[PDB]
Structures are given as structure tokens and as C-alpha cells.
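Take a look and give me a structure for this.
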Amino acid sequence: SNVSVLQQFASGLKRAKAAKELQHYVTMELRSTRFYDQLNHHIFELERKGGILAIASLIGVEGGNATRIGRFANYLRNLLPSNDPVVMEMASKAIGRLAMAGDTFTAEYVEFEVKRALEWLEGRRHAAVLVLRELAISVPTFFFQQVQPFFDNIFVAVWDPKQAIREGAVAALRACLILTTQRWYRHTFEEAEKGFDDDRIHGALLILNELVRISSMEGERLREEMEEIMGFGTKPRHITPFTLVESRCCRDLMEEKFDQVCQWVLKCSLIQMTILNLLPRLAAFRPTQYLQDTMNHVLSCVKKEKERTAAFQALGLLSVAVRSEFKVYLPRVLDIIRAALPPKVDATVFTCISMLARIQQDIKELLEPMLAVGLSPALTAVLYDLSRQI
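Numbers count the residues shown, from 1 in each chain. Now the structure:
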């Protein structure tokens, strides 16, 4: 559109921008190359979010080409060393899209990015970690090419005094350990124990919980399902239309976790959130001293604010994992729930009520307050699943 194209670009660069990007993608779906490249360069030089969106959309829709890859590789390599937050995540998403495009140069680009990330292992560390996460999720085959340097650099870079680096690197370790288990463990456990022996608290807990959760997926399945929250006998139409190491070290994991949960009770919110997330899975693997240590922190955080959602989720996972011994603290849980409802966040409360049901005739008397709370899709789903299971 030349003039109109440049106008639309300037408008998108200056909700509305998202709609503009969507319209551009829809237009590219139908559909000059030099004009498109010049427009991309004009948006790129000027703002950065619009340029990244345009580049990623055109690459994804028009299809990866050698000329396009060669021309946009320079832009991507210019964006990475220095940029602004949020824009960095969008650039990482564009990189992941280019990696998952599936071209000949994809292997070379992935190897280049992996080597640069390993050299790095702060707009450089976080971008490298995001790229590594995207490549591990998208291309496990080329992500497994470098494993020993990956672990060696990460086990040193993780324990640096940073927050976003920890959050990204924990997920990258999650992906790497899942890939390894599907197809190191001693080195990972040794590094986690050395780090554990307030910054070096949640990282070791996460590393140990990785082995615990990969060994036992039963606890993770419930959490994943709650985060998410025809027939074979039908006659087809007569006219067819056109168409081991994680088990022997899990004990030590729970041991190191039960102490860290009791120690870092209120040290440096983020640590409390991580402990609340990780304790229920550890208890699900192996439930009294561990159970008491978990329950103390869980009950302390439930009464407090800013953690009620995760604390209640951990409480529900504990109730599922521990059936008999958990019955002692049922009155406290019920009193806290009956206290939290009258203010009306409570959607997760209903979800955890469903998990606890996942029973007694006291639920008949509990029906009135939850119904009096109000309408919400989570409450409806909870009632439907309760009528299903029981």
C-alpha cells in the first residue's frame, strides 16, 4: 500500500496497536518484497513493540525465506544486546516464532543464539534465559546439543543476586530436566545442595521440587488442571465432505525443604510464594514431621494476605495427598473459609473447596454461604464438578 502502509505503520507505532497488527497479519495472509522490507526497516528504526510485532507477523504468515531470514537476523541481533523490558519478552517471542518456523537457517540461528547465551552465562542475562527457554520448549533436539556447558553455566549464573534471572532459569531447568527424564542428576543435586548450604533458599527448593515433581506427576496434574480451569457409534455421513535418581534423592529433597520452609517463614513474599507452591508437591510425594513443617507454613500464610490464592491451592493439594492426618486441621480450614467468604480471590477458594471434596453432610450447611457469595464461572464449574464426582 506504500503510502497507506506507512501511514498504518506510523499509527500502530504511535488495544489499537494489537488490532492494527492483527489486521496487518490478516492482510499478509492474502499477500512488493522490497517495499515490505523498507516498511519493516522504517518501523524498526523508529515503537520497538510495533516493529517486533510486524517482523514476527510477516515472518510467520508470509513464510520464512532465505532473503527474509538474512535481512531480519541483523535486526534481531541488534535488538538483543540492548532494549527495554516487556519489549525484550516480545523479541524473545519473535525469536521463538522464527525458530519454530522450520527453515534451513533455523538450525544455524538456534545454534548461534545458544552459543551466545552460553557465553553470557541486566538486559543480556534475561534475554539469553528467555531465548534458551523458548528453544528448549520449541526445539528439544537442538537444545540437547549443548547440555554439560548448559548445566555448568546455569548452576553458577542462577545463584547470582537477581530475581528475573531466577524465574527464567528455573523454568529453563524445568524444561531441560523434563527432556532428560523423557530420554546430570548427580551434578544437579550436588549443585543444589551446595547452594542450599535468603537468596540461596528458593532456588534449591525449586531444583529439588523439580526432581520430586518429575518423579511423581500426580501432584502436578491436579495443579495443571486447576490452572486450566460426539460418539464412536455415530454413523458417518454417506457423502464424505472434502477435508531412580529422582526417587533416591527425593527424600533428601523433602528433608532440605522441610527445614527451609520452617527457617524462611518470613525472611526476605516471593520466598513465601515459592514455598507455598513447592510444599504440597513434596508432601504428595511423601507425607508426620514433614507434614507438620508444611502445615505450619501453610496455615501461617493462609491467614495472611497477598498469598491466600497459592496458600489455599497448597492446602487443597495437601488435603488430596493427606486424607486421614489432614482431618485434624479441618475445623481451622473451615473457620478460615467461613471468615474469608463474607467480605465477598474467592474463586480459588471455591476451587480448593472442590479439591477438598475431590463429602460430608456438613457440605449441605456449607451450601448456603457459597451460593450467597455470588455468581462466578469458577463457582459454577466447582458445583458442576462436585455434582459429577459426588
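
Now do the helix or strand containing residue 172: which elements does it pack against?
For residue 172, the host element (DSSP states H and E) is helix 164-182. Contacts defined by 3 or more CB pairs under 8 Å, 6 or more residues apart in numbering; DSSP states H and E place helix 164-182 against helix 125-138, helix 140-143, helix 148-157, helix 199-215. C-beta: built from backbone N, CA, C; applies to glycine.

Pull out the buried residues from the first one.
This means helix 125-138. 125-138 (16 or more other CB atoms under 10 Å).

Repeat that for the last one.
For helix 199-215, burial by neighbour count (16+ other CB under 10 Å) applies to 200-215.

and it, what does it pack onto?
helix 164-182, helix 185-196, helix 250-263, helix 270-285.

hang on, the earlier thing: the helix holding residue 172 versus helix 125-138: what angle between them?
Counting by axes from the mean of the first three to the mean of the last three CA atoms, to 10 degrees, helix 164-182 lies at 20 degrees to helix 125-138.

distance between helix 164-182 and the chain's centre?
10 Å (CA atoms, centre = their mean, to the nearest Å).

just to revisit the earlier point, comparing the helices and strands packed on helix 199-215, which comes out most buried?
helix 270-285 (a mean of 23; mean count of other CB atoms under 10 Å).

what about dumping the CA coordinates of it to PDB?
Taking C-alpha atoms only, helix 270-285 is exported to PDB below (Å, rounded to 0.1, in the frame of the first residue of the first chain):
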ATOM      1  CA  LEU A 270       8.500 -14.200  46.800                       C
ATOM      2  CA  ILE A 271      10.100 -16.800  49.100                       C
ATOM      3  CA  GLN A 272       6.800 -17.500  50.900                       C
ATOM      4  CA  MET A 273       5.100 -17.800  47.500                       C
ATOM      5  CA  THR A 274       7.700 -20.300  46.300                       C
ATOM      6  CA  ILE A 275       7.500 -22.300  49.500                       C
ATOM      7  CA  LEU A 276       3.700 -22.400  49.300                       C
ATOM      8  CA  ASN A 277       3.900 -23.600  45.700                       C
ATOM      9  CA  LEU A 278       6.500 -26.300  46.400                       C
ATOM     10  CA  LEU A 279       5.500 -27.800  49.700                       C
ATOM     11  CA  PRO A 280       2.300 -29.600  48.600                       C
ATOM     12  CA  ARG A 281       4.100 -31.500  45.800                       C
ATOM     13  CA  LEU A 282       6.700 -32.600  48.300                       C
ATOM     14  CA  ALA A 283       4.100 -33.700  50.700                       C
ATOM     15  CA  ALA A 284       2.200 -35.500  47.900                       C
ATOM     16  CA  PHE A 285       5.300 -37.500  47.100                       C
END
